[PDB]
Amino acid sequence: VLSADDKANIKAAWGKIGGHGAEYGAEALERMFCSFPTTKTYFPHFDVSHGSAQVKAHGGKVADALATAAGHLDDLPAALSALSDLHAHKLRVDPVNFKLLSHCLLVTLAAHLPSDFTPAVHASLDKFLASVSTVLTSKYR
Amino acid sequence: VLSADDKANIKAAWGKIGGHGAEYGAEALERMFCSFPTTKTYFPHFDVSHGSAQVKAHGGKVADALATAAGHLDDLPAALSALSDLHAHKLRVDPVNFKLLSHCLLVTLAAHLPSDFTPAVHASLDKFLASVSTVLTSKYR
Amino acid sequence: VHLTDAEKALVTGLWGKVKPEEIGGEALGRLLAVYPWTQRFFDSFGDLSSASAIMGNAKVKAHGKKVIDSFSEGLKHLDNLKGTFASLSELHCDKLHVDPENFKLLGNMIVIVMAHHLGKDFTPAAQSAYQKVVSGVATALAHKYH
Amino acid sequence: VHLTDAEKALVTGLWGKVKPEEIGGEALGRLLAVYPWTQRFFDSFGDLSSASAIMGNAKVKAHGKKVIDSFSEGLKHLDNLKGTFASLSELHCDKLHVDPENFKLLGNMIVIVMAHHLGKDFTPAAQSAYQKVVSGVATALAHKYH
Ligand code: HEM
Ligand code: HEM
Ligand code: HEM
Ligand code: HEM
């Protein structure tokens, strides 16, 4: 599970993100679309060009969900329950794609927060995102 | 999570295994070693030839653990806690290998219980083994 | 890919002992039941709402036959699976947007279905040969991804 | 593998903007910290008991340099990564018993470390080119597995 130190690192990192959450979520999405083009079909209405408005708006929704999760490290299944239904039952998202987006978010954080993205913090953030993804894929059944 | 039907299928399947648990665990291990030779180094003292005694004995240990788990579908993290420590902290087993052994156990069951290994039962057993593997890999941290 | 001549004989020998249409219909059907997100690609197939519906679905069975007929042709070209599946790689990537991880999962279903039908004849050595085949088919299907 | 000439230039251009020894030491160190089961292969390396110990470990840093020097040579042979990594594929399979999934994980660390060092210069397009490179290196390292 997430250790005390993990929780400390996740809190510290998300404090450093602060108001830039939506920017970083948008960039994570752009990186995913570029590296892994199969993912684009989940968002058929999107202009996925650099800096597009719908990407920025959706990046903000993802960022908001992750910020709430970071304040809920001890009850993630409860906090992410509604989103788990949406992604499994409605969107039917392939579980591989959560790993892809998680990797792209880590790339994004490393690119933006070099002083803060230490190996220890990276390890904690990888666990955080994997824990979130686990809940989001928990309900195929 | 495991549905009521999943629990019914897992109970039914493990009833059908009964006294053959150790045979099937041994075979699952043999299949893993043959298909995925990288796994053999986890058991350097083993004669891994078909029907060897140490393989049969270890197959029995694995079978016993899975039988206990099948009677604990609602408290797997508690039931498999001691084994999770052993596999992560001591054995440091690569998480890929749990997927490999799970696949080989399913191959083994399909080969032995053709009347019973329906698509629905297969889906339930895949979830069961994935749930067990999740607990066994939960504690790298 | 690299199977010895003997390994190829093991594979093709056992292939002549099963009914391909059954292997294909059952492997695809198990894929849809065991990994339900894969159903995202088969909205045109109608009712996939349970294992019973999936296994009773005529379109699933028919598609299973096309999949397995392409697999069977692959078995005749084990030294060039890349060439053999190039056009299908393009189809799955450019038109269908299937993540290549799923090729591995369907290969695993083919392996399990072969064991289901062949029983003890699907030995650990036979399984190893078939894993090499499905690994090679998956690699070949992923090759033209961009 | 298949990168256009322009994509190769993007990759090699950015490679000349980093210090390879740092990329290698940090990618390996992050591998060991983020995925602790990988430490199973490095018992001879001494203290790997925390991220601080890992990053302060001289043997990790030295090994990181050998890994990255082999990566750098791969960058000069992008049209033949299979040949370039054949001997190392044999080493990792036959002598070291490393599951090939871990090649993908180390590749991912190299990608993250490149972003960490290059910042905004590691664009989504640059990342895509590098993912193709590390995917190809992983495929090449897995090729001689048996
Ligand atoms: C960290 C992991 C993820 C988080 C926190 C997350 C969060 C969210 C949230 C909060 C929404 C609601 C959007 C709204 O109400 O407007 C949403 C929708 C959606 N998500 Fe995710 N998601 C994640 C991973 C993924 C992945 C990997 C994919 C596919 C590659 C995906 C595909 C979608 C799609 C297609 C929608 C609907 C978008 C729309 O209709 O505007 N999600 N996600
Ligand atoms: C369904 C998943 C698994 C179960 C239920 C399981 C169960 C067990 C049990 C109960 C033991 C204790 C043996 C004893 O006390 O004699 C054990 C030991 C061990 N396990 Fe696992 N295991 C699983 C997966 C794996 C995998 C995938 C690997 C490696 C590929 C592995 C490697 C080992 C090793 C090396 C030992 C020590 C064997 C010995 O010293 O005799 N296990 N396992
Ligand atoms: C062993 C792996 C696979 C093989 C050999 C294979 C082969 C084929 C073949 C032969 C076709 C027919 C193309 C045509 O008739 O023109 C096809 C179509 C298709 N495949 Fe696959 N495929 C494989 C894996 C997958 C996977 C894993 C998925 C999705 C999870 C998938 C999704 C589809 C879909 C949606 C179609 C179009 C079906 C239709 O509209 O009738 N395939 N594939
Ligand atoms: C990009 C992927 C990789 C590359 C390019 C690479 C390259 C190398 C090289 C050049 C050597 C030195 C061989 C020699 O000096 O004769 C080596 C050795 C080694 N590699 Fe890797 N490797 C990779 C991935 C991995 C992974 C993922 C692991 C384990 C998780 C691993 C474990 C080892 C070990 C244990 C040694 C022996 C180290 C020693 O005893 O000094 N390698 N590798």
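Numbers restart at 1 for each chain; the letters A, B, ... are given by sequence-line order, proteins then strands. Whatever order the structure lists them in is the order used to number ligands and atoms, beginning at 1.
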Any atoms of ligand 4 less than 4.0 Å from a non-hydrogen atom of D/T38? List them with their elements. 30 (C)
Between A/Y42 and C/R40, is there a cation-pi geometry (under 6.0 Å to ring centre, at most 45° from the normal)? yes
Counting only heavy atoms not in B/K99 (residues, nucleotides, ligands), do more than 12 fall under 6.0 Å from its NZ? no
Near B/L101, which atoms of ligand 2 are under 4.0 Å from a heavy atom of that residue? 24 (C)
Looking only at protein heavy atoms, which one is nearest to atom 35 (C) of ligand 2, and how far off is it? B/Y42 O, 3.1 Å
Checking a contact table here: which protein heavy atom is nearest atom 18 (C) of ligand 4, and how many Å away? D/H63 CE1, 3.3 Å
Return the closest protein heavy atom for atom 32 (C) of ligand 2 as residue, atom name and distance. B/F43 CZ, 3.5 Å
Taking all atoms of both residues into account, what is the closest heavy-atom pair of B/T38 and D/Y145, and its distance? CG2-CE2, 3.9 Å
Would you mind listing which atoms of ligand 4 come within a distance below 4.0 Å of any non-hydrogen atom of D/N102? 27 (C)
What protein heavy atom sits nearest atom 15 (O) of ligand 1, and how far off is it? A/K61 CD, 4.5 Å
For atom 24 (C) of ligand 2, what is the nearest protein heavy atom, given as residue, atom name and distance? B/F98 CE2, 3.4 Å
Would you check whether D/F103 reaches within less than 4.0 Å of ligand 4, judged by its heavy atoms? yes
If you apply the rule ring pair (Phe, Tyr, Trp, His ring centres under 6.0 Å), what do you find for D/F42 with D/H63, and how did you get there? CA-CA 10 Å; D/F42 297 95; D/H63 185 68; 5.6 Å; yes
Kindly determine whether A/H103 and D/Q131 satisfy side-chain hydrogen bond (donor to acceptor under 3.5 Å, both in side chains), including the steps that lead there. CA-CA 11 Å; A/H103 173 67; D/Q131 300 277 176; 2.8 Å; yes
Is there a protein heavy atom at a distance of less than 4.0 Å from atom 29 (C) of ligand 1? yes
Note the single closest protein heavy atom to atom 3 (C) of ligand 4, along with its residue, its atom name and the distance in Å. D/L141 CD1, 3.6 Å
Nearest candidate to atom 12 (C) of ligand 2, where distance is taken over non-hydrogen atoms, out of B/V62, B/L86, B/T39: B/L86
Rounded to the nearest 0.5 Å, what separation is found between the CZ atom of C/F41 and the CG atom of C/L96? 8.0 Å
To which protein heavy atom is atom 13 (C) of ligand 4 closest, and what is the distance rounded to 0.1 Å? D/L91 CD2, 3.6 Å
Side-chain heavy-atom pair A/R92, A/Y140 within 4.5 angstrom cut-off: no
Please work out which of B/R92, B/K90, B/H87 has its closest non-hydrogen atom nearest to atom 8 (C) of ligand 2. B/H87
Applying ring pair (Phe, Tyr, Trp, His ring centres under 6.0 Å) to B/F43 and B/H58, what does each step give before you reach the verdict? CA-CA 10 Å; B/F43 305 88; B/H58 190 64; 5.1 Å; yes
Should one rank A/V96, A/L83, A/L66, A/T41 by closest heavy-atom distance to atom 9 (C) of ligand 1, which comes out on top? A/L83
Side chain to side chain, D/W15 and D/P20, heavy atoms closer than 4.5 Å: yes
Just need the protein heavy atom nearest to atom 27 (C) of ligand 2, so name the residue and atom and give the distance. B/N97 O, 3.2 Å
For ligand 4, note which part of D/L106 has a heavy atom under 4.0 Å away: side chain, backbone, both or neither. side chain
Which residue and atom name correspond to the protein heavy atom nearest atom 6 (C) of ligand 4, and how close is it? D/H92 NE2, 3.8 Å
Give the C-alpha distance, both sets of side-chain angles, the deciding distance and a yes or no for salt bridge (charged side-chain N to carboxylate O under 4.0 Å, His left out) between D/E26 and D/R30. CA-CA 6 Å; D/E26 294 167 30; D/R30 288 168 186 275; 5.2 Å; no
When you look for heavy atoms under 4.0 Å from ligand 4, do you find them on the side chain of D/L88, its backbone, both, or neither? side chain
For B/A22 versus B/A63, what's the shortest heavy-atom pair and its separation? N-CB, 3.8 Å
What are the two closest non-hydrogen atoms of B/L105 and B/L66, and how far apart are they? CD2-CD1, 3.6 Å
Please check atom 43 (N) of ligand 4 for a protein heavy-atom neighbour under 4.0 Å. yes
For atom 4 (C) of ligand 2, what is the closest protein heavy atom, and at what distance to 0.1 Å? B/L136 CD1, 3.8 Å
Heavy atom of protein inside 4.0 Å of atom 20 (N) of ligand 1, strictly below: yes
Less than 4.0 Å between atom 40 (O) of ligand 2 and some protein heavy atom, yes or no? no
Mode of D/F42 contact toward ligand 4 - side chain, backbone, both, neither (heavy atoms, under 4.0 Å): side chain
Surrounding NE2 of B/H20 (heavy atoms of other residues, nucleotides or ligands, distance under 6.0 Å), is the total greater than 12? no
Would you say the side chain of A/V132 lies within less than 4.5 Å of the side chain of A/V135, judging by non-hydrogen atoms? no
Does NE2 belonging to D/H77 count more than 12 external heavy atoms closer than 6.0 Å? yes
With a cut-off of 2.8 Å, does B/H58 place any N/O/S atom under that distance from atom 21 (Fe) of ligand 2? no
A/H45 and A/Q54: which non-hydrogen atoms are nearest, and at how many Å? O-NE2, 3.0 Å
How far is atom 36 (C) of ligand 2 from its nearest protein heavy atom, and which residue and atom name does that atom have? B/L91 CD1, 3.5 Å
Just let me know how D/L105 lines up against ligand 4, side chain, backbone, both or neither, with a heavy-atom cut-off below 4.0 Å. neither
For B/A26 and B/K56, the nearest pair of non-hydrogen atoms, with its separation, is CB-CA, 3.8 Å
Protein heavy atom at shortest distance from atom 33 (C) of ligand 4: D/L96 CD1, 3.6 Å
Could you find the nearest protein heavy atom to atom 10 (C) of ligand 4 and give me its residue, atom name and distance? D/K66 O, 3.7 Å
Heavy atom under 4.0 Å from ligand 4: found in D/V134's side chain, backbone, both, or neither? neither
Who's closest to atom 5 (C) of ligand 1 heavy-atom-wise, of A/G25, A/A28, A/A65? A/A65
Ranked by distance from atom 26 (C) of ligand 4, the top protein heavy atom is D/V98 CG1, 4.2 Å
For the student: nearest non-hydrogen atoms of A/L100 and A/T39, plus distance: CD1-CG2, 4.1 Å
Ligand-side contact atoms (ligand 2) for residue partner B/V93, heavy atom cut-off under 4.0 Å: 28 (C), 29 (C)
